[PDB]
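Text of input-v8.txt, listed as compact mmCIF, C-alpha atoms:
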```
# COMPACT_ATOMS: atom_id res chain seq x y z
CA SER A 1 18.05 8.19 -12.78
CA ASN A 2 14.40 9.08 -12.13
CA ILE A 3 14.31 7.62 -8.58
CA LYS A 4 13.29 9.80 -5.60
CA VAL A 5 13.55 8.62 -2.02
CA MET A 6 11.47 10.00 0.79
CA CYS A 7 11.78 9.00 4.39
CA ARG A 8 8.71 8.81 6.64
CA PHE A 9 8.94 8.63 10.42
CA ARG A 10 5.83 7.41 12.27
CA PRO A 11 4.98 8.48 15.80
CA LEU A 12 6.30 6.41 18.71
CA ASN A 13 3.82 3.55 19.26
CA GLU A 14 2.19 2.37 22.50
CA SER A 15 4.80 -0.29 23.28
CA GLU A 16 7.64 2.15 22.65
CA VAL A 17 6.17 4.86 24.90
CA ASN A 18 5.43 2.37 27.71
CA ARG A 19 8.88 0.79 27.44
CA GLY A 20 10.45 4.21 27.90
CA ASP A 21 12.11 4.56 24.47
CA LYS A 22 13.84 7.77 23.44
CA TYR A 23 13.04 9.71 20.25
CA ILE A 24 16.37 9.49 18.42
CA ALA A 25 15.53 11.04 15.07
CA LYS A 26 16.78 14.62 14.73
CA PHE A 27 15.56 16.67 11.79
CA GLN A 28 17.32 19.26 9.66
CA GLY A 29 15.52 21.32 7.05
CA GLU A 30 13.05 19.32 4.94
CA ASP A 31 15.45 16.72 3.52
CA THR A 32 17.70 15.46 6.29
CA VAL A 33 17.43 13.19 9.29
CA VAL A 34 20.35 12.80 11.68
CA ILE A 35 20.88 9.68 13.75
CA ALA A 36 23.64 9.52 16.36
CA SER A 37 25.15 12.75 14.93
CA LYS A 38 25.26 11.14 11.45
CA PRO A 39 23.17 12.84 8.69
CA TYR A 40 21.18 11.08 5.94
CA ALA A 41 19.92 13.26 3.07
CA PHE A 42 16.95 12.31 0.89
CA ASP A 43 14.59 14.09 -1.50
CA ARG A 44 12.26 14.61 1.46
CA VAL A 45 11.96 13.63 5.12
CA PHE A 46 8.55 13.42 6.76
CA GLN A 47 8.43 13.91 10.51
CA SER A 48 6.19 11.96 12.87
CA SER A 49 3.32 14.44 12.65
CA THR A 50 3.24 14.55 8.81
CA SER A 51 -0.27 14.02 7.41
CA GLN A 52 -1.35 11.46 4.85
CA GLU A 53 -2.23 14.30 2.47
CA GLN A 54 1.24 15.89 2.51
CA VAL A 55 2.98 12.52 2.06
CA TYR A 56 0.90 11.89 -1.05
CA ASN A 57 1.45 15.38 -2.46
CA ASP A 58 5.26 15.03 -2.27
CA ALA A 59 5.76 11.33 -2.96
CA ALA A 60 3.06 10.44 -5.45
CA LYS A 61 0.97 13.29 -6.92
CA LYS A 62 3.39 14.14 -9.71
CA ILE A 63 3.88 10.48 -10.68
CA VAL A 64 0.10 10.23 -11.11
CA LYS A 65 0.25 13.13 -13.56
CA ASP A 66 3.08 11.38 -15.46
CA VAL A 67 1.01 8.20 -15.73
CA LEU A 68 -1.84 10.31 -17.15
CA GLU A 69 0.68 11.56 -19.72
CA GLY A 70 1.67 8.02 -20.76
CA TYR A 71 4.59 7.29 -18.39
CA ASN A 72 5.02 4.14 -16.34
CA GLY A 73 5.87 4.30 -12.67
CA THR A 74 6.54 2.51 -9.39
CA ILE A 75 6.02 3.56 -5.77
CA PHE A 76 7.53 1.36 -3.04
CA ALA A 77 7.07 1.26 0.72
CA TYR A 78 10.26 -0.07 2.33
CA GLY A 79 11.10 -0.56 6.03
CA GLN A 80 11.02 -2.92 8.99
CA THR A 81 7.74 -4.49 10.11
CA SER A 82 5.49 -2.05 12.09
CA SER A 83 7.33 0.96 10.63
CA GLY A 84 4.13 2.16 8.96
CA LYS A 85 4.34 0.83 5.40
CA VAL A 86 0.68 -0.20 5.06
CA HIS A 87 -0.50 2.91 6.93
CA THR A 88 1.42 4.90 4.32
CA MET A 89 0.40 2.92 1.22
CA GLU A 90 -3.22 2.09 2.15
CA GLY A 91 -4.06 3.83 5.39
CA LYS A 92 -7.77 4.00 6.13
CA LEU A 93 -9.13 3.30 2.65
CA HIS A 94 -12.55 5.01 2.80
CA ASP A 95 -11.50 7.77 5.22
CA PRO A 96 -10.84 11.15 3.55
CA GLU A 97 -8.29 12.09 6.27
CA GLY A 98 -6.84 8.68 7.06
CA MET A 99 -6.53 7.29 3.52
CA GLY A 100 -3.01 6.59 2.29
CA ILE A 101 -1.23 6.85 -1.05
CA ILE A 102 -3.14 4.28 -3.12
CA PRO A 103 -6.62 5.70 -2.45
CA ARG A 104 -5.46 9.28 -3.17
CA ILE A 105 -3.86 8.15 -6.45
CA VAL A 106 -7.05 6.49 -7.60
CA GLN A 107 -9.08 9.58 -6.70
CA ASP A 108 -6.71 11.77 -8.72
CA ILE A 109 -6.83 9.46 -11.70
CA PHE A 110 -10.63 9.53 -11.87
CA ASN A 111 -10.89 13.24 -11.04
CA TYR A 112 -8.85 13.95 -14.17
CA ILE A 113 -10.64 11.43 -16.39
CA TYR A 114 -14.24 12.50 -15.61
CA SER A 115 -13.28 16.12 -16.28
CA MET A 116 -12.22 15.37 -19.87
CA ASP A 117 -14.56 15.99 -22.80
CA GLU A 118 -16.17 13.36 -25.06
CA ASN A 119 -13.13 13.05 -27.36
CA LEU A 120 -11.29 10.87 -24.83
CA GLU A 121 -12.16 7.27 -24.07
CA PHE A 122 -10.57 5.66 -21.02
CA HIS A 123 -10.09 2.09 -19.88
CA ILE A 124 -8.79 1.53 -16.35
CA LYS A 125 -7.88 -1.93 -15.13
CA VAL A 126 -6.34 -3.15 -11.90
CA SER A 127 -4.48 -6.23 -10.72
CA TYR A 128 -3.54 -7.23 -7.18
CA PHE A 129 -1.11 -9.99 -6.34
CA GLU A 130 1.52 -10.99 -3.82
CA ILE A 131 4.94 -12.60 -3.74
CA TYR A 132 5.65 -14.98 -0.87
CA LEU A 133 8.44 -17.57 -0.73
CA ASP A 134 9.19 -16.63 -4.02
CA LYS A 135 5.73 -17.57 -5.44
CA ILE A 136 3.23 -15.26 -7.08
CA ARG A 137 -0.41 -15.50 -5.98
CA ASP A 138 -3.36 -13.55 -7.43
CA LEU A 139 -5.19 -11.85 -4.54
CA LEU A 140 -8.34 -11.54 -6.68
CA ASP A 141 -8.50 -15.27 -7.63
CA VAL A 142 -7.10 -17.57 -4.95
CA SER A 143 -7.02 -20.58 -7.28
CA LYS A 144 -4.10 -18.81 -9.05
CA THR A 145 -1.23 -19.67 -6.69
CA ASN A 146 2.09 -20.08 -8.51
CA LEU A 147 1.94 -17.73 -11.42
CA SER A 148 4.86 -17.58 -13.79
CA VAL A 149 6.48 -14.52 -15.34
CA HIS A 150 6.43 -14.39 -19.14
CA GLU A 151 7.68 -11.95 -21.78
CA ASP A 152 5.45 -10.59 -24.57
CA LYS A 153 6.28 -9.63 -28.18
CA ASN A 154 8.27 -6.57 -27.17
CA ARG A 155 10.19 -8.47 -24.46
CA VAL A 156 7.96 -7.00 -21.75
CA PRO A 157 7.74 -9.29 -18.72
CA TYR A 158 4.20 -9.96 -17.38
CA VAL A 159 2.44 -12.26 -14.89
CA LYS A 160 0.64 -14.95 -16.81
CA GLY A 161 -2.95 -15.50 -15.71
CA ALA A 162 -3.13 -12.61 -13.22
CA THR A 163 -6.65 -11.18 -12.81
CA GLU A 164 -7.21 -7.86 -14.57
CA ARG A 165 -10.36 -6.07 -13.41
CA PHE A 166 -11.91 -3.04 -15.18
CA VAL A 167 -12.92 -0.24 -12.81
CA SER A 168 -14.81 2.98 -13.32
CA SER A 169 -14.77 4.60 -9.87
CA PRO A 170 -12.54 5.06 -6.82
CA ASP A 171 -15.10 3.20 -4.67
CA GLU A 172 -14.88 0.21 -7.01
CA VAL A 173 -11.07 0.15 -6.73
CA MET A 174 -11.24 0.30 -2.93
CA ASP A 175 -13.71 -2.60 -3.09
CA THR A 176 -11.12 -4.46 -5.16
CA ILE A 177 -8.43 -3.75 -2.56
CA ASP A 178 -10.82 -4.86 0.21
CA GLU A 179 -11.51 -8.11 -1.57
CA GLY A 180 -7.76 -8.71 -2.10
CA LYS A 181 -6.96 -8.22 1.57
CA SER A 182 -9.74 -10.62 2.57
CA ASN A 183 -8.63 -13.19 -0.06
CA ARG A 184 -5.07 -12.95 1.17
CA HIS A 185 -6.18 -14.77 4.36
CA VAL A 186 -6.94 -17.88 2.34
CA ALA A 187 -4.55 -20.68 3.33
CA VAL A 188 -2.79 -18.37 5.79
CA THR A 189 -2.84 -19.23 9.52
CA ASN A 190 -0.90 -16.18 10.76
CA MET A 191 -1.48 -13.02 8.76
CA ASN A 192 0.98 -10.88 10.73
CA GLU A 193 3.77 -13.30 9.94
CA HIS A 194 2.58 -13.74 6.32
CA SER A 195 2.10 -10.08 5.50
CA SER A 196 5.44 -9.15 7.08
CA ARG A 197 7.17 -11.81 4.95
CA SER A 198 5.53 -11.16 1.57
CA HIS A 199 5.36 -8.36 -0.98
CA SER A 200 1.97 -7.00 -2.10
CA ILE A 201 1.72 -5.38 -5.54
CA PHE A 202 -1.21 -3.28 -6.76
CA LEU A 203 -1.21 -2.31 -10.46
CA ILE A 204 -3.31 0.40 -12.13
CA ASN A 205 -3.22 0.43 -15.92
CA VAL A 206 -4.63 3.63 -17.39
CA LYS A 207 -5.38 3.55 -21.12
CA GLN A 208 -6.68 6.58 -23.04
CA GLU A 209 -7.64 7.21 -26.63
CA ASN A 210 -8.46 10.51 -28.27
CA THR A 211 -10.90 9.47 -31.01
CA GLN A 212 -10.66 12.91 -32.65
CA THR A 213 -6.88 13.15 -33.02
CA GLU A 214 -6.56 9.34 -33.16
CA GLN A 215 -3.84 9.31 -30.46
CA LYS A 216 -3.53 6.60 -27.78
CA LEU A 217 -1.71 6.76 -24.47
CA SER A 218 -1.11 4.14 -21.80
CA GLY A 219 0.46 4.32 -18.36
CA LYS A 220 1.16 1.63 -15.80
CA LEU A 221 1.52 2.35 -12.09
CA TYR A 222 2.74 -0.30 -9.66
CA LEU A 223 2.24 0.27 -5.93
CA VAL A 224 4.39 -2.09 -3.89
CA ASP A 225 4.21 -2.86 -0.18
CA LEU A 226 7.46 -4.74 0.42
CA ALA A 227 8.21 -7.45 2.99
CA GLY A 228 9.74 -6.21 6.25
CA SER A 229 13.42 -5.36 5.88
CA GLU A 230 14.42 -6.46 9.41
CA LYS A 231 17.15 -9.04 9.97
CA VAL A 232 14.73 -10.96 12.22
CA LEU A 233 13.14 -20.26 7.80
CA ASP A 234 12.84 -20.33 4.02
CA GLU A 235 10.95 -17.03 4.30
CA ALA A 236 14.01 -15.07 5.42
CA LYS A 237 16.24 -16.15 2.52
CA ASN A 238 13.57 -15.40 -0.08
CA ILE A 239 13.03 -11.97 1.44
CA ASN A 240 16.77 -11.26 1.56
CA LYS A 241 16.96 -12.27 -2.12
CA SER A 242 14.08 -10.12 -3.36
CA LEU A 243 15.11 -6.92 -1.47
CA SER A 244 18.79 -7.36 -2.36
CA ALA A 245 17.76 -7.66 -6.02
CA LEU A 246 15.81 -4.40 -5.77
CA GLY A 247 18.80 -2.90 -4.02
CA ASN A 248 21.09 -3.85 -6.90
CA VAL A 249 18.60 -2.53 -9.47
CA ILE A 250 18.42 0.79 -7.62
CA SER A 251 22.21 1.10 -7.23
CA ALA A 252 22.73 0.22 -10.89
CA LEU A 253 20.33 2.98 -11.95
CA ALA A 254 21.86 5.44 -9.46
CA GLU A 255 25.28 4.78 -11.04
CA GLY A 256 23.87 5.55 -14.47
CA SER A 257 24.66 2.00 -15.61
CA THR A 258 23.21 0.96 -18.94
CA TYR A 259 22.95 -2.64 -17.68
CA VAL A 260 20.40 -3.12 -14.88
CA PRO A 261 20.07 -6.54 -13.23
CA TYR A 262 16.24 -6.92 -13.37
CA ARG A 263 16.65 -10.69 -13.81
CA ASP A 264 18.01 -10.93 -10.21
CA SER A 265 14.36 -11.55 -9.00
CA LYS A 266 10.76 -12.13 -10.12
CA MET A 267 9.68 -8.81 -8.70
CA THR A 268 12.26 -6.71 -10.52
CA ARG A 269 11.47 -8.62 -13.71
CA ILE A 270 7.77 -7.84 -13.26
CA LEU A 271 8.52 -4.18 -12.67
CA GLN A 272 11.04 -4.01 -15.54
CA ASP A 273 8.95 -1.67 -17.72
CA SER A 274 8.01 0.58 -14.77
CA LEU A 275 11.35 0.85 -12.94
CA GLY A 276 14.33 2.53 -14.57
CA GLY A 277 14.50 3.65 -18.18
CA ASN A 278 12.04 6.51 -18.60
CA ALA A 279 9.76 5.37 -15.77
CA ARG A 280 9.32 7.40 -12.58
CA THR A 281 9.98 5.93 -9.15
CA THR A 282 9.52 7.00 -5.56
CA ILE A 283 10.73 4.84 -2.73
CA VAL A 284 9.18 5.70 0.58
CA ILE A 285 11.35 4.33 3.33
CA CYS A 286 9.40 4.04 6.60
CA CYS A 287 11.08 4.23 10.01
CA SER A 288 10.42 4.10 13.73
CA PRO A 289 12.02 7.02 15.61
CA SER A 290 12.60 4.78 18.68
CA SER A 291 16.03 4.20 20.25
CA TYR A 292 14.98 0.57 20.47
CA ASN A 293 14.98 0.26 16.66
CA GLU A 294 18.15 2.29 15.96
CA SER A 295 20.05 -0.53 14.13
CA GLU A 296 17.19 -1.41 11.74
CA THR A 297 16.45 2.27 11.09
CA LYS A 298 20.10 2.86 10.10
CA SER A 299 19.84 -0.15 7.78
CA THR A 300 16.66 1.29 6.26
CA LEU A 301 18.25 4.70 5.81
CA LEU A 302 21.30 3.10 4.16
CA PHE A 303 19.00 1.19 1.77
CA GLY A 304 17.42 4.53 0.81
CA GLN A 305 20.89 6.03 0.18
CA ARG A 306 21.36 3.60 -2.72
CA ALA A 307 19.29 5.82 -5.04
CA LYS A 308 21.67 8.76 -4.51
CA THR A 309 23.17 9.69 -7.92
```
Starting from the coordinates I provided, produce the structure as structure tokens.
Amino acid sequence: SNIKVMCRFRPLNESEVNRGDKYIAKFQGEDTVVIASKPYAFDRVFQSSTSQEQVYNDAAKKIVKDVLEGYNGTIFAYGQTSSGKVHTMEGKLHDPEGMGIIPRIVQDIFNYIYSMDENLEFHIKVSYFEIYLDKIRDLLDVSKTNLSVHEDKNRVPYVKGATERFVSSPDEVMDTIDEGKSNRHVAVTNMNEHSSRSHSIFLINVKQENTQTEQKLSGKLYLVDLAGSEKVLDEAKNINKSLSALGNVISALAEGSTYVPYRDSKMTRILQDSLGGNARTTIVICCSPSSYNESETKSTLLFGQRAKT
């Protein structure tokens, strides 16, 4: 199994401080967090004061290199609502300090590409879509609202009709993310409720061709901001279904099973060529350190434990 799991704790938020919550996360070394005297070991644990830069460097940087070598990959943000998933995945998009994983990935991709000599030709294209109530919508074309999953020649599942946009700079990709977030408001009355109950999926497809040696390489990287994992409606059941499917896929891979139940959900089907097999995966579980959220945090930590070999 190629899955790594890293746990990120955010600082206590304003409500938590005012309410008088206790900081219940205890840290041991760089890989362990202990809750109520019970330890949970991961590939890495980030404490509340961990910077965006360091999170990227541990969770994502190496996967970006693999994608530039022709690997596929997935990076997930998992955790209850307000645990810091979007701050981690997106952060402040145009801010060199505040930017999250996706902007740093894109920068790294282009930094490598523009440094290469004339023998290499690159084509970078991005897609951005969401899954809500078990329906796929293109965030770059809001007329595309119930996209189906299809399989190509080589039995590779794909989203039929999803917008694929060619990009040639990090600024252009950020502009694409900005447009997607704005488009996401279409037909949505409450964004907080919607975003907490849907999964957002950003895809970067990096194709390269050395015209001198006549070699081609292609790498796909999916960046997934999952629905909130909290136990707190048709929305709930759909969300339970999609995360439980991902859970079973992760456990199957962690067991070294040859059979992996990708078909358990649309999402895992979509990610089939970039999750398991020879693809690289990091799950970043996000948690509140507040005593008030102790039950959901334990649940999040136990979800992360699934990837343990």
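For the set A:278, A:163, A:50, A:176, the residue with the smallest atom-to-atom gap to residue 66 (chain A) is A:278, counting all atoms listed in the file.
Coordinates place CA of residue 281 (chain A) at a distance of 14.4 Å from CA of residue 70 (chain A).
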TODO: In Å, rounded to a single decimal, give me how far CA of residue 142 (chain A) is from CA of residue 162 (chain A).
DONE: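 Computing it gives 10.4 Å between the two atoms.
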Task: Pairwise distance for CA of residue 264 (chain A) and CA of residue 130 (chain A), rounded to one decimal in Å - done: 17.7 Å
- [ ] Name the closest residue to residue 36 (chain A) among the candidates A:266, A:298, A:241, A:62; distances are taken between atoms, counting only C-alpha atoms.
- [x]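 Closest to residue 36 (chain A) of all the choices is A:298.
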Contacts of region 51-80 of chain A with region 9-27 of chain A up to 12 Å, shortest pair per row, all atoms listed in the file, as a tab-separated table:
```
residue	atom	partner	partner_atom	distance
A:51	CA	A:10	CA	10.2
A:52	CA	A:10	CA	11.1
A:55	CA	A:9	CA	11.0
A:78	CA	A:9	CA	12.0
A:79	CA	A:9	CA	10.4
A:80	CA	A:9	CA	11.8
```
Task: Selected residue of minimal separation from residue 229 (chain A) among A:303, A:262, A:292, A:46, counting all atoms listed in the file - done: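 Of the candidates, the smallest distance to residue 229 (chain A) is held by A:303.
Shortest atom-to-atom contact with residue 40 (chain A) among A:125, A:113, A:5, A:97: A:5, counting only C-alpha atoms.
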Open item on the list: At a cut-off of 12 Å, using only C-alpha atoms, what residues contact residue 184 (chain A)? Leave out same-chain residues fewer than 6 positions from it and give the result as JSON, numbers by chain.
Closed with: {"A": [128, 129, 130, 131, 132, 136, 137, 138, 139, 140, 141, 142, 143, 144, 145, 177, 178, 190, 191, 192, 194, 195, 198, 199, 200]}
Open item on the list: Between A:213, A:242, A:168, A:1, which residue has the minimum interatomic distance to residue 254 (chain A), considering all atoms listed in the file?
Closed with: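 Checking each candidate against residue 254 (chain A), we get A:1 as the closest.
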Task: Pick from A:309, A:244, A:82, A:211 nearest to residue 257 (chain A), counting all atoms listed in the file - done: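 Under the stated criterion, the closest residue is A:309.
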Task: Residue contacts of residue 267 (chain A) (12 Å, all atoms listed in the file) excluding same-chain residues fewer than 4 positions away, as an NGL selection string - done: :A and (74 or 76 or 129-136 or 148-149 or 157-159 or 198-201 or 222 or 224-227 or 238-239 or 241-247 or 249 or 261-263 or 271-275)
Task: Shell of 8 Å around residue 307 (chain A), only C-alpha atoms, local chain residues under 5 positions omitted, as a list in words - done: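 Selected residues are residues 3, 4, 5, 250, 251, 253 and 254 of chain A.
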Could you dump the residues just selected with C-alpha atoms as a PDB file, in the coordinates of the input?
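Writing done, so here's part_20.pdb:
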```pdb
ATOM      1  CA  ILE A   3      14.310   7.620  -8.580  1.00  0.00           C
ATOM      2  CA  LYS A   4      13.290   9.800  -5.600  1.00  0.00           C
ATOM      3  CA  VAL A   5      13.550   8.620  -2.020  1.00  0.00           C
ATOM      4  CA  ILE A 250      18.420   0.790  -7.620  1.00  0.00           C
ATOM      5  CA  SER A 251      22.210   1.100  -7.230  1.00  0.00           C
ATOM      6  CA  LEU A 253      20.330   2.980 -11.950  1.00  0.00           C
ATOM      7  CA  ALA A 254      21.860   5.440  -9.460  1.00  0.00           C
TER       8      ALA A 254
END
```
